Amino acid sequence: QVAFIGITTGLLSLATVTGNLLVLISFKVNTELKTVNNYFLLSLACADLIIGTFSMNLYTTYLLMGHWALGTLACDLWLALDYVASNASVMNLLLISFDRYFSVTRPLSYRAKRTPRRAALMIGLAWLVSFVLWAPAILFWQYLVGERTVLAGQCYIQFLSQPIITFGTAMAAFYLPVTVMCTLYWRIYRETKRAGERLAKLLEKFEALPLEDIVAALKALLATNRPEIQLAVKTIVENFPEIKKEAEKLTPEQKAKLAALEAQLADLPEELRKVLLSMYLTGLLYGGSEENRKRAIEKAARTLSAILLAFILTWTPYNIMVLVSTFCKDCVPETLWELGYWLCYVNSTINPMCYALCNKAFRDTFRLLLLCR
Amino acid sequence: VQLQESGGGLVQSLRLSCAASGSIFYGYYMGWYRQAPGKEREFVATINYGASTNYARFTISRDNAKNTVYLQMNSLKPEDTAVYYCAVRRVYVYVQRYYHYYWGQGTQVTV
Amino acid sequence: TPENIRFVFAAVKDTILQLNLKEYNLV
Ligand SMILES: C[N+](C)(C)CC#CCOC1=NOCC1
């Protein structure tokens, strides 16, 4: 069984190291990392590559040998390293949830106010909060209370003997982030549903309003110099070449509707004809007339359930047993706890498959940087 | 559970023992602390699952037939004198939350 | 006419809305 465990944990470490290391080098060779949206994924891979290369290997050695043979200093260094890193990925999931939440509730205000300097600073807070929350307590609670409670040869968080400090830090690391992430992604699911009907009624109102009134209102909004719309025009124009791709993939009747509308938009400037064309296609595709709304809402439901259940099914068994143990010490037999402590690292090997490999730009550069072609 | 260390000690190489009538010591944690005046809790050596060891000269061996340990020391120096208390049921327990019945009785090894 | 501009501020707001959702593969 030691050979079976060593093989299965070794493959998960090789898969995690290869999965995250390739993600870091995918957009270094590829000139498409001029995106602050991918900064959070780039930093997420930094924490998960640390877990894959350094945490799974030193934990599997801790269980297979049934012993920590690297000394107390390496135990505290590993414990601080993987608790801060797993926490950093958790608050990079919270940072990503907050970024996606404010890009759907305030798509214009948030994007205009978000700059590469600001996004990088936000990542700095996700790592600084993780650092302060975990590194001081793990590395020095044996000096806050002057005694090394951790058993020699064992390696666990040394302050978990405290009954209220454990509850507090489990709230700040898992419970509050889980409720905040669940609520934020719940409002994301609802906002996606509202965006279905909203865009549908807007698509109706393009028909009612004459095109000249829409054009004159576009000029009346693009003349008043506002940084909210100046960025919006550049973003809309930039994604025009890959927005007409979905026009071919649109409905048969809807394709003729777009073709007729762009015919009237002929002889118009590039910053106004392409800006107007994006609005019509956005409400045409995502309007969800009869069943497209259900398909898109369920698509979001499946993606969000997979993203969230990769958090509950990976972290809740660990955190539930920590809280339960604080009430009844003689509970949750050790075999259950051991499997649940390893189970947390399963998020680090699946996270690249949920946010990086889910993108179309990724999952294709991987083959270019792995097949050497 | 009572941890009766069967090794008296006072050997001027030696051989310690600890017969602790336990229920589940498989896949657990057996060890020894050389509790001397210098340090109240000092690492000595530990057997464990997989028959892997880790010292602080000596040798420590396992036996799962009767839940027993043999700290077969070799060429022990005079500084090795201490009160070795058995430490099974450490089980490298996370937050010692299952059963730390490890304390037991301590020997008197004099070198 | 104020009603037309605030219509455009909503349609443009939702064009960025679905474009951001596409960037997250969430729609
Ligand atoms: C214990 N393990 C390192 C395996 C997982 C962890 C951790 C600390 O970070 C967080 N607490 O619970 C949620 C995130």
# chains A, B, ... in the order shown; residues from 1 in each chain; ligands from 1

$ select_by_dssp --residues "chain B" --states "strand (DSSP E)" --output "list in words"
residues 3, 4, 19, 20, 29, 30, 31, 32, 33, 34, 35, 43, 44, 45, 46, 47, 48, 54, 55, 61, 62, 63, 68, 69, 70, 83, 84, 85 and 86 of chain B

$ residues_near_ligand --ligand "ligand 1" --cutoff "9 Å" --atoms "only C-alpha atoms and all ligand atoms" --output "number ranges by chain"
A: 51, 55, 59, 79-91, 130, 134, 156-157, 169-175, 177-178, 311, 315-316, 318-319, 340-345

$ write_last_selection --atoms "C-alpha atoms" --output "PDB file, in the first residue's frame"
ATOM      1  CA  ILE A  51       1.983  23.557  -3.215  1.00  0.00           C
ATOM      2  CA  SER A  55       3.798  20.791  -0.184  1.00  0.00           C
ATOM      3  CA  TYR A  59       3.339  15.783   3.166  1.00  0.00           C
ATOM      4  CA  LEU A  79       3.728  24.794   7.644  1.00  0.00           C
ATOM      5  CA  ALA A  80       4.059  28.539   7.133  1.00  0.00           C
ATOM      6  CA  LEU A  81       4.789  28.035   3.431  1.00  0.00           C
ATOM      7  CA  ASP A  82       1.779  25.840   2.631  1.00  0.00           C
ATOM      8  CA  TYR A  83      -0.698  27.538   4.975  1.00  0.00           C
ATOM      9  CA  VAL A  84       0.160  30.963   3.555  1.00  0.00           C
ATOM     10  CA  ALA A  85       0.188  29.562   0.012  1.00  0.00           C
ATOM     11  CA  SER A  86      -3.096  27.655   0.362  1.00  0.00           C
ATOM     12  CA  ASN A  87      -4.545  30.732   2.041  1.00  0.00           C
ATOM     13  CA  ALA A  88      -3.129  32.889  -0.756  1.00  0.00           C
ATOM     14  CA  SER A  89      -4.883  30.719  -3.333  1.00  0.00           C
ATOM     15  CA  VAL A  90      -8.065  30.906  -1.236  1.00  0.00           C
ATOM     16  CA  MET A  91      -7.889  34.711  -1.125  1.00  0.00           C
ATOM     17  CA  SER A 130      -2.577  35.584   3.759  1.00  0.00           C
ATOM     18  CA  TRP A 134      -1.026  32.574   8.985  1.00  0.00           C
ATOM     19  CA  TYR A 156       0.771  20.333  12.607  1.00  0.00           C
ATOM     20  CA  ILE A 157      -0.315  23.919  13.242  1.00  0.00           C
ATOM     21  CA  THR A 169      -8.708  31.727  12.086  1.00  0.00           C
ATOM     22  CA  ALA A 170     -10.925  29.043  10.544  1.00  0.00           C
ATOM     23  CA  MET A 171     -13.543  31.769  10.099  1.00  0.00           C
ATOM     24  CA  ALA A 172     -11.092  34.214   8.511  1.00  0.00           C
ATOM     25  CA  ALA A 173      -9.525  31.543   6.268  1.00  0.00           C
ATOM     26  CA  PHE A 174     -12.459  29.320   5.281  1.00  0.00           C
ATOM     27  CA  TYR A 175     -15.885  30.162   6.744  1.00  0.00           C
ATOM     28  CA  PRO A 177     -14.432  33.450   2.564  1.00  0.00           C
ATOM     29  CA  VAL A 178     -16.809  30.559   1.776  1.00  0.00           C
ATOM     30  CA  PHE A 311     -13.834  24.329  -2.578  1.00  0.00           C
ATOM     31  CA  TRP A 315     -11.768  22.251   2.287  1.00  0.00           C
ATOM     32  CA  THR A 316     -15.012  21.662   4.205  1.00  0.00           C
ATOM     33  CA  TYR A 318     -10.835  19.646   6.901  1.00  0.00           C
ATOM     34  CA  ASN A 319     -12.471  22.690   8.498  1.00  0.00           C
ATOM     35  CA  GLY A 340      -8.802  15.123   4.794  1.00  0.00           C
ATOM     36  CA  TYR A 341      -5.531  17.000   5.291  1.00  0.00           C
ATOM     37  CA  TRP A 342      -4.144  15.592   2.034  1.00  0.00           C
ATOM     38  CA  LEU A 343      -7.460  16.320   0.318  1.00  0.00           C
ATOM     39  CA  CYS A 344      -6.837  20.071   0.606  1.00  0.00           C
ATOM     40  CA  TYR A 345      -3.900  19.888  -1.820  1.00  0.00           C
TER      41      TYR A 345
END

$ interface_residues --of "chain B" --to "chain A" --cutoff "12 Å" --atoms "only C-alpha atoms" --output "PyMOL selection string"
chain B and resi 24-33+39-56+87-100+102

$ select_by_dssp --residues "range 25-156 of chain A" --states "helix (DSSP H, G or I)" --output "JSON, numbers by chain"
{"A": [25, 26, 27, 28, 29, 36, 37, 38, 39, 40, 41, 42, 43, 44, 45, 46, 47, 48, 49, 50, 51, 52, 53, 54, 55, 56, 57, 58, 59, 60, 61, 62, 63, 64, 71, 72, 73, 74, 75, 76, 77, 78, 79, 80, 81, 82, 83, 84, 85, 86, 87, 88, 89, 90, 91, 92, 93, 94, 95, 96, 97, 98, 99, 100, 101, 102, 103, 104, 105, 107, 108, 109, 110, 111, 112, 113, 116, 117, 118, 119, 120, 121, 122, 123, 124, 125, 126, 127, 128, 129, 130, 131, 132, 133, 134, 135, 136, 137, 138, 139, 140, 141, 142, 143, 144]}

$ write_last_selection --atoms "C-alpha atoms" --output "short mmCIF file (atom, residue, chain, number, x, y, z; two decimals), in the first residue's frame"
data_model
loop_
_atom_site.label_atom_id
_atom_site.label_comp_id
_atom_site.auth_asym_id
_atom_site.auth_seq_id
_atom_site.Cartn_x
_atom_site.Cartn_y
_atom_site.Cartn_z
CA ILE A 25 5.32 30.07 -19.30
CA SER A 26 2.25 29.93 -21.57
CA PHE A 27 1.82 33.72 -21.68
CA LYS A 28 5.52 34.56 -21.42
CA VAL A 29 6.20 33.17 -24.90
CA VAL A 36 -4.70 42.46 -15.82
CA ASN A 37 -7.53 39.90 -15.81
CA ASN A 38 -4.90 37.14 -16.12
CA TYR A 39 -2.72 38.66 -13.38
CA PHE A 40 -4.85 36.95 -10.72
CA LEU A 41 -4.49 33.61 -12.52
CA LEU A 42 -0.74 34.16 -12.88
CA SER A 43 -0.46 34.77 -9.13
CA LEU A 44 -2.79 31.84 -8.40
CA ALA A 45 -0.41 29.54 -10.29
CA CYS A 46 2.46 30.91 -8.19
CA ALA A 47 0.85 29.62 -4.99
CA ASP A 48 -0.38 26.34 -6.48
CA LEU A 49 3.00 25.58 -8.05
CA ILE A 50 4.53 26.04 -4.59
CA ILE A 51 1.98 23.56 -3.21
CA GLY A 52 2.59 21.09 -6.04
CA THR A 53 6.38 21.20 -5.95
CA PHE A 54 6.93 21.66 -2.20
CA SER A 55 3.80 20.79 -0.18
CA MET A 56 2.49 17.50 -1.57
CA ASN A 57 5.99 16.00 -1.64
CA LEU A 58 6.77 16.93 1.97
CA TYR A 59 3.34 15.78 3.17
CA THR A 60 3.41 12.42 1.39
CA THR A 61 6.85 11.90 2.91
CA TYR A 62 5.38 12.83 6.30
CA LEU A 63 2.71 10.12 6.02
CA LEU A 64 4.56 7.37 4.15
CA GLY A 71 13.69 18.85 11.77
CA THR A 72 11.46 21.33 13.56
CA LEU A 73 12.75 24.29 11.53
CA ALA A 74 11.68 22.68 8.26
CA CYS A 75 8.32 21.78 9.81
CA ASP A 76 7.54 25.40 10.71
CA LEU A 77 8.91 26.62 7.37
CA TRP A 78 6.78 24.08 5.48
CA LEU A 79 3.73 24.79 7.64
CA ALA A 80 4.06 28.54 7.13
CA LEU A 81 4.79 28.04 3.43
CA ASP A 82 1.78 25.84 2.63
CA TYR A 83 -0.70 27.54 4.97
CA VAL A 84 0.16 30.96 3.55
CA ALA A 85 0.19 29.56 0.01
CA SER A 86 -3.10 27.65 0.36
CA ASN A 87 -4.54 30.73 2.04
CA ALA A 88 -3.13 32.89 -0.76
CA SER A 89 -4.88 30.72 -3.33
CA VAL A 90 -8.06 30.91 -1.24
CA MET A 91 -7.89 34.71 -1.12
CA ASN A 92 -6.93 34.63 -4.80
CA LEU A 93 -10.20 32.77 -5.28
CA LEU A 94 -11.81 35.49 -3.17
CA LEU A 95 -9.90 38.12 -5.16
CA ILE A 96 -11.07 36.51 -8.41
CA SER A 97 -14.64 36.31 -7.10
CA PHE A 98 -14.54 39.98 -6.10
CA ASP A 99 -13.10 40.91 -9.50
CA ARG A 100 -15.82 38.97 -11.32
CA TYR A 101 -18.47 40.32 -8.94
CA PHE A 102 -17.63 43.98 -9.57
CA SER A 103 -17.20 43.38 -13.31
CA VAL A 104 -20.81 42.17 -13.48
CA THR A 105 -22.47 44.60 -11.05
CA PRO A 107 -18.92 46.55 -15.53
CA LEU A 108 -18.09 50.12 -16.60
CA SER A 109 -17.15 51.75 -13.28
CA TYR A 110 -14.91 48.89 -12.13
CA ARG A 111 -13.02 48.41 -15.41
CA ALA A 112 -12.28 52.12 -15.83
CA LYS A 113 -11.08 52.41 -12.23
CA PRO A 116 -2.54 47.25 -14.08
CA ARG A 117 -1.03 49.04 -11.08
CA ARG A 118 -4.29 48.70 -9.14
CA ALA A 119 -4.79 45.03 -10.05
CA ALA A 120 -1.20 44.22 -9.05
CA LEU A 121 -1.76 46.02 -5.75
CA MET A 122 -4.93 43.98 -5.17
CA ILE A 123 -2.88 40.80 -5.61
CA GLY A 124 -0.40 42.21 -3.10
CA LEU A 125 -3.16 42.52 -0.50
CA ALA A 126 -4.35 38.97 -1.22
CA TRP A 127 -0.82 37.76 -0.40
CA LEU A 128 -0.17 40.19 2.47
CA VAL A 129 -3.44 39.26 4.20
CA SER A 130 -2.58 35.58 3.76
CA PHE A 131 0.91 36.27 5.12
CA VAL A 132 -0.21 38.10 8.27
CA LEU A 133 -3.12 35.75 8.97
CA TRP A 134 -1.03 32.57 8.99
CA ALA A 135 2.75 33.12 9.00
CA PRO A 136 3.08 34.96 12.38
CA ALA A 137 0.74 32.59 14.21
CA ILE A 138 2.32 29.40 12.87
CA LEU A 139 5.94 30.55 13.05
CA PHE A 140 5.80 32.19 16.49
CA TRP A 141 2.87 30.99 18.63
CA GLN A 142 5.41 28.69 20.29
CA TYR A 143 6.88 31.98 21.56
CA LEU A 144 3.60 33.79 22.19
#

$ closest_atom_pairs --of "chain C" --to "chain A" --cutoff "7 Å" --atoms "only C-alpha atoms" --output "Markdown table"
| residue | atom | partner | partner_atom | distance |
| --- | --- | --- | --- | --- |
| C:4 | CA | A:217 | CA | 5.8 |
| C:5 | CA | A:217 | CA | 4.9 |
| C:8 | CA | A:217 | CA | 6.6 |
| C:11 | CA | A:279 | CA | 6.2 |
| C:12 | CA | A:279 | CA | 6.4 |
| C:13 | CA | A:108 | CA | 6.0 |
| C:15 | CA | A:279 | CA | 5.5 |
| C:16 | CA | A:107 | CA | 6.0 |
| C:17 | CA | A:107 | CA | 5.5 |
| C:18 | CA | A:282 | CA | 6.8 |
| C:20 | CA | A:103 | CA | 6.7 |
| C:25 | CA | A:359 | CA | 6.9 |
| C:26 | CA | A:300 | CA | 5.2 |
| C:27 | CA | A:296 | CA | 5.4 |

$ atom_distance --atom1 "CA of residue 167 in chain A" --atom2 "CA of residue 184 in chain A"
23.1 Å

$ residues_around --residues "residue 259 in chain A" --least-positions-apart "3" --cutoff "12 Å" --atoms "only C-alpha atoms" --output "PDB file with C-alpha atoms, in the first residue's frame"
ATOM      1  CA  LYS A 244     -18.254  38.712 -35.659  1.00  0.00           C
ATOM      2  CA  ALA A 247     -22.381  36.271 -35.780  1.00  0.00           C
ATOM      3  CA  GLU A 248     -21.754  33.283 -38.051  1.00  0.00           C
ATOM      4  CA  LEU A 250     -25.857  32.990 -34.468  1.00  0.00           C
ATOM      5  CA  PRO A 252     -30.298  31.928 -39.180  1.00  0.00           C
ATOM      6  CA  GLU A 253     -32.842  34.743 -38.916  1.00  0.00           C
ATOM      7  CA  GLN A 254     -30.625  36.657 -36.482  1.00  0.00           C
ATOM      8  CA  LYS A 255     -27.760  36.584 -38.994  1.00  0.00           C
ATOM      9  CA  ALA A 256     -29.894  38.458 -41.529  1.00  0.00           C
ATOM     10  CA  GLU A 262     -24.699  46.843 -40.499  1.00  0.00           C
ATOM     11  CA  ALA A 263     -25.762  47.775 -44.037  1.00  0.00           C
ATOM     12  CA  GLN A 264     -27.397  50.925 -42.660  1.00  0.00           C
ATOM     13  CA  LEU A 265     -24.255  51.570 -40.597  1.00  0.00           C
ATOM     14  CA  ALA A 266     -22.193  51.848 -43.797  1.00  0.00           C
ATOM     15  CA  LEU A 277     -22.453  46.784 -33.949  1.00  0.00           C
ATOM     16  CA  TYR A 280     -26.618  44.681 -31.257  1.00  0.00           C
ATOM     17  CA  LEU A 281     -24.684  41.401 -31.296  1.00  0.00           C
TER      18      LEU A 281
END

$ atom_distance --atom1 "CA of residue 373 in chain A" --atom2 "CA of residue 350 in chain A"
25.7 Å

$ atom_distance --atom1 "CA of residue 309 in chain A" --atom2 "CA of residue 366 in chain A"
26.0 Å

$ closest_residue --among "A:348, A:33, A:207, A:194" --to "residue 14 in chain C" --atoms "only C-alpha atoms"
A:194
